[PDB]
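There is one chain below, alone, in structure tokens, taken in the form deposited in one PDB entry.
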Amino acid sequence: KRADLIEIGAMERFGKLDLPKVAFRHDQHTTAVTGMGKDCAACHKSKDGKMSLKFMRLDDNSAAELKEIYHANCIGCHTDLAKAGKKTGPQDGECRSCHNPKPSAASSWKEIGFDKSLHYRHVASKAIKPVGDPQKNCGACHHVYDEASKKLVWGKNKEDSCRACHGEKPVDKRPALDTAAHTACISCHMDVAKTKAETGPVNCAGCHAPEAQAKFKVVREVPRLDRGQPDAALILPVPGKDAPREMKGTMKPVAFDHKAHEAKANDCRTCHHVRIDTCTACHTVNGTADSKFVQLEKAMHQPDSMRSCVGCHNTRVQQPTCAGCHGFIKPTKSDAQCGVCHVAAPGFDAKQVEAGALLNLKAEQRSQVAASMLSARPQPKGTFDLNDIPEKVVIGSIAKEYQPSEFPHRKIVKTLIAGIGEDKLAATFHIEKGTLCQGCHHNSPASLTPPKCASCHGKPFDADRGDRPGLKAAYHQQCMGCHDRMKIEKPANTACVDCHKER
């Protein structure tokens, strides 16, 4: 179980290896060289104040130069160590002990990233001094390339994840993500270490061991990370540069409570999966090569993505307090439900306006329109006064093998409501007083007087073919299914008499 394994194979670049690649355990090496009184410089060279992540060179010049670099420096240390009686590595004649095919695995490595709590601990840190702003420390970490001064500069309000510009491999001036991260994070972690203030880790396991990550202090006291995003955004059906038509849209546009969404999410990137910007710069109505022709409709409504409005919302719906109802019902895809998001802009018919004219507005003007949209929504409707519903229901129309079932209708509804508690997805998407009722009274209008299940679930007569569930099967599927999705302990589905006593 290691998080610090590296497979050394730089040579493959120049041709097929004669021998296996060389497993190397970096934390085993660093533990040992520190104890010998040495540091990173024992194996990495520097230039311009920057440590190279490569072993004992600035460049991969030839096959022959790397092979000599490794043997001469890797072995040389193992030799001196053995000649001194210390614990050590493979010696010069031990080819297969370095060049070893077997290491199947034993890798526990894991990606690391900044959630909002870990990003705050860096901002709020006194060892990371402000720069270019009396109060702000953003420029200690974030940059953009300034063509004018031919150099990196802190772009105020242009901060983004490193992933937005640093990818899988280098793109000539900008390093790939791993070297970016390893160069910036570790080197500051080591400066701050010299002043014995609190710091971040430098051992590989320290960032990459699952156990280490679990140990990090987490903070739910997280202030708004604030570059200059809007509180209220106006999302639009964007046609895109290359579209024969330039067609408006088909729906009304959608105001979006950006500030509230921030406070509920874990970072920015979950939504802005490529870079902070609109979504429409790439996901247009018809899609674009920048999305990979993934169209705006897929981006905003896709059922199983955490990135989309519908998709993220779908995962909140699996939480037990919700899933009783949400695992049973089907969607109406009704115009009222679409209209929870697609609303009227104040003062005009957005459908008669091209995207461009709204995108071209100044951010503060567009925010004001969305805000007005947001503010005009209908207040939460709530459900019926539970006193207008039967406190108890006895279900006995097919009683036989057992007595009829006495069921605590009203108490169960209050608990559903209590479990929903303050959740705002539910308060706004539960659009009719009887919406909650439809969690069990499916397929009929929201109402104080829903019909009985028998009104349309066959009496109990077909052992073989029966269009949707007969009566008994529908009660059992509804009652027992909710109890399991909600993790209700009692009654238990095996406890027949707890829902209907015998006789």
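Between two forms, the rigid core is defined as the largest C-alpha subset superposing within 1.5 Å. Quick note: we count residues from 1 along the sequence shown, nothing fancier.
FYI, the form deposited in another entry isn't displayed, but the following is about it.
> Using the rigid core as the fixed frame, list which single one of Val294, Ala184, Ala355, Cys204 shifts its Cα by at least 2 angstroms between the shown form and the other one.
Single hit from the list, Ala355.
> At a 2 Å cut-off on C-alpha positions, does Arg366 qualify as shifted between the shown form and the other one after fitting the rigid core?
Shift of 2 Å or more: no.
> Superposing on the rigid core, I want to see if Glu391 changes position between the shown form and the other one - specifically a Cα shift of 2 Å or more.
No, its C-alpha moves less than 2 Å.
> For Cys95, does the CA position differ by 2 Å or more between the shown form and the other one when the superposition is done on the rigid core?
False for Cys95: its C-alpha shift is below 2 Å.
> Do the C-alpha atoms of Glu354 and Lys252 sit closer or farther apart in the other form than they do here, given a shift of 3 Å or more?
Relative to the shown form, the pair is closer.
> In the other form, do the Cα atoms of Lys351 and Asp257 sit closer or farther apart than here, given a shift of 3 Å or more?
Relative to this form, farther apart in the other form.
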